[PDB]
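Below you'll find the structure, written out as structure tokens, and then a few comments.
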Number of protein chains: 2
Amino acid sequence: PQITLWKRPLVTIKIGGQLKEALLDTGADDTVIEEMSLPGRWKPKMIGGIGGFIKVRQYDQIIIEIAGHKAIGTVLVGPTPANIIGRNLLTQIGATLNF
Amino acid sequence: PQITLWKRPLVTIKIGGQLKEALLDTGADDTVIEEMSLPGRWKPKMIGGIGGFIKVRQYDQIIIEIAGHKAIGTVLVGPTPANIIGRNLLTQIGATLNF
Ligand SMILES: CCCC[C@@H](CN[C@@H](CCCC)C(=O)N[C@@H](CCC(N)=O)C(=O)N[C@@H](CCCNC(N)=[NH2+])C(N)=O)NC(=O)[C@@H](NC(=O)[C@@H](NC(C)=O)[C@@H](C)O)[C@@H](C)CC
């Protein structure tokens with residue numbers, strides 16, 4: 001698709017058997033999801049932006065479907081105010097910014 | 001251009017006759033720049049990010065070039081960790097996300 005930017009670019013995702021809404025964020029290095037269970041080992045991470053940092057759990061090799069497009073990569077889980085799809089998964093679905 | 005997302009989507013901007021680097025950010029409603037001087041009166045605004053909320057100064061109808069493309073619009077100035085070009089100006093330069 002071509003997604004214009006008049007509104008926030010929200011899409012449906014499927015992760016860990018669950019449907020969620022998430023923001024396509026070219027300004028995010030990483031993908032960050034609100035609290036949920038994921039399989040495998042994890043390690044803690046601190047991630048920052050406007051307002052400072054939050055602590056998250058890093059899970060690797062997680063399969064996600066983003067607007068119908070499957071992507072595997074790292075997902076961070078924690079008290080984010082918004083589910084965010086960051087560049088680590090945007091690249092995998094072939095997303096580009098065009099102007 | 002077509003900007004891929006394997007690296008941060010950093011571009012050069014021009015504001016107040018000065019070149020700066022900024023991040024093209026589809027996950028940002030607004031454009032937020034690190035402390036600098038702009039002309040005119042400002043109005044207060046609170047914005048939110050990953051970590052919480054911060055206060056910024058809102059300047060309207062600021063002339064700004066983004067990767068060579070001319071825009072005139074609202075610029076927020078405050079303690080952002082990074083200069084970000086948000087959707088208010090991405091729409092002025094005709095940017096879309098495509099996959
Ligand atoms: C300034 C730092 C770079 C840009 C920023 C854009 N992220 C979006 C996230 C979505 C909201 C949580 C954002 O902050 N958007 C703001 C930008 C400010 C603005 N006004 O435009 C926004 O739209 N804020 C809205 C409110 C959105 C709330 N949304 C919601 N509740 N669903 C606002 N009007 O105040 N990126 C980030 O916050 C990411 N940070 C990073 O990628 C890097 N960190 C740093 C410090 O650069 C990396 C080294 O970790 C986070 C997610 C970690 C991976």
Side-chain angles (χ1 to χ4, degrees), chain A residues 3 5-13 20-35 43-60 62 64 66 71 73-91 95 97, chain B residues 3 5-11 13 20-36 42-60 62 64 66 71 73-92 95 97:
Chain A
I3 302 174
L5 296 171
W6 302 110
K7 73 158 303 307
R8 292 174 180 168
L10 299 178
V11 300
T12 301
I13 71 169
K20 292 183 173 298
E21 187 170 63
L23 181 71
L24 303 182
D25 187 359
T26 59
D29 290 358
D30 305 324
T31 293
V32 193
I33 304 296
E34 67 200 342
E35 285 290 352
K43 60 195 177 188
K45 193 177 195 188
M46 282 280 271
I47 57 169
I50 286 166
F53 292 77
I54 60 171
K55 191 176 66 167
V56 299
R57 313 193 306 280
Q58 183 184 317
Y59 293 87
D60 298 326
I62 300 299
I64 308 200
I66 300 159
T74 296
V75 175
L76 308 182
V77 178
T80 179
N83 295 323
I84 295 158
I85 309 302
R87 294 188 298 98
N88 76 303
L89 296 175
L90 292 169
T91 59
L97 278 165
Chain B
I3 303 174
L5 296 170
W6 306 97
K7 298 200 180 51
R8 289 184 188 148
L10 294 166
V11 300
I13 67 167
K20 300 176 183 281
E21 184 188 83
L23 186 68
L24 302 179
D25 193 354
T26 58
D29 298 341
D30 307 302
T31 293
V32 193
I33 306 293
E34 295 162 4
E35 282 304 316
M36 64 169 301
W42 60 276
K43 292 189 243 203
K45 191 173 173 83
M46 272 210 12
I47 58 172
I50 195 69
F53 302 89
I54 65 172
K55 291 196 175 294
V56 295
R57 305 197 304 282
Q58 177 177 330
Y59 296 88
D60 292 329
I62 299 294
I64 180 172
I66 299 155
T74 298
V75 175
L76 308 182
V77 177
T80 180
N83 296 331
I84 63 185
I85 308 306
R87 295 185 298 93
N88 71 308
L89 300 183
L90 295 170
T91 57
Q92 291 198 21
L97 280 164

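Lettering follows sequence order; numbering is per chain, from 1. Atoms within a ligand are numbered from 1 in the order they appear, just like the ligands themselves.
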For residues 45-55 of chain B, run the donor-acceptor check on the side chains, cut-off 3.5 Å, and write out each pair with its distance to 0.1 Å, sequence neighbours left out.
none

| task | Would you sort out whether B:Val56 and B:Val77 count as a side-chain contact (heavy atoms from CB on, under 4.5 Å), showing the intermediate values? | result | CA-CA 5 Å; B:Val56 295; B:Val77 177; over 6 Å; no

I would like to know whether A:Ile84 and A:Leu76 meet side-chain contact (heavy atoms from CB on, under 4.5 Å); could you show each step before the answer? CA-CA 10 Å; A:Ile84 295 158; A:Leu76 308 182; over 6 Å; no

Distance-only, no hydrogens or angles: does the A:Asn83 side chain make a donor-acceptor pair with backbone N or O of A:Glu21 under 3.5 Å?
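Yes; judged by distance alone, with no hydrogens or angles, the pair exists.
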
Name the residue from A:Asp25, A:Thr31, A:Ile85 that meets the side chain to side chain contact (heavy atoms under 4.5 Å, CB included) definition with A:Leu90.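 When side chain to side chain contact (heavy atoms under 4.5 Å, CB included) is applied between A:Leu90 and each of A:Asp25, A:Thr31, A:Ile85, only A:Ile85 qualifies.
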
- [ ] Look at B:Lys20 together with B:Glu34 and state whether they make a salt bridge at an N to O cut-off of under 4.0 Å.
- [x]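 So B:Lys20 does not pair with B:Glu34 through a salt bridge.
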
Give me the pairs of N or O atoms, one from ligand 1 and one from the protein, that sit under 3.5 Å apart.
from: ligand 1; atom 1: 7 (N); to: A:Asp25; atom 2: OD2; distance (Å): 2.8
from: ligand 1; atom 1: 15 (N); to: B:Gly27; atom 2: O; distance (Å): 2.9
from: ligand 1; atom 1: 20 (N); to: B:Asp30; atom 2: OD2; distance (Å): 2.9
from: ligand 1; atom 1: 21 (O); to: B:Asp29; atom 2: N; distance (Å): 3.0
from: ligand 1; atom 1: 21 (O); to: B:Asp30; atom 2: N; distance (Å): 2.8
from: ligand 1; atom 1: 21 (O); to: B:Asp30; atom 2: O; distance (Å): 3.4
from: ligand 1; atom 1: 23 (O); to: B:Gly27; atom 2: O; distance (Å): 3.3
from: ligand 1; atom 1: 23 (O); to: B:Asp29; atom 2: N; distance (Å): 3.0
from: ligand 1; atom 1: 24 (N); to: B:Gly48; atom 2: O; distance (Å): 2.8
from: ligand 1; atom 1: 34 (N); to: B:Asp29; atom 2: OD2; distance (Å): 3.0
from: ligand 1; atom 1: 35 (O); to: B:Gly48; atom 2: N; distance (Å): 2.9
from: ligand 1; atom 1: 36 (N); to: A:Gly27; atom 2: O; distance (Å): 3.0
from: ligand 1; atom 1: 40 (N); to: A:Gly48; atom 2: O; distance (Å): 2.9
from: ligand 1; atom 1: 42 (O); to: A:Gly27; atom 2: O; distance (Å): 3.4
from: ligand 1; atom 1: 42 (O); to: A:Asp29; atom 2: N; distance (Å): 2.9
from: ligand 1; atom 1: 44 (N); to: A:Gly48; atom 2: O; distance (Å): 3.0

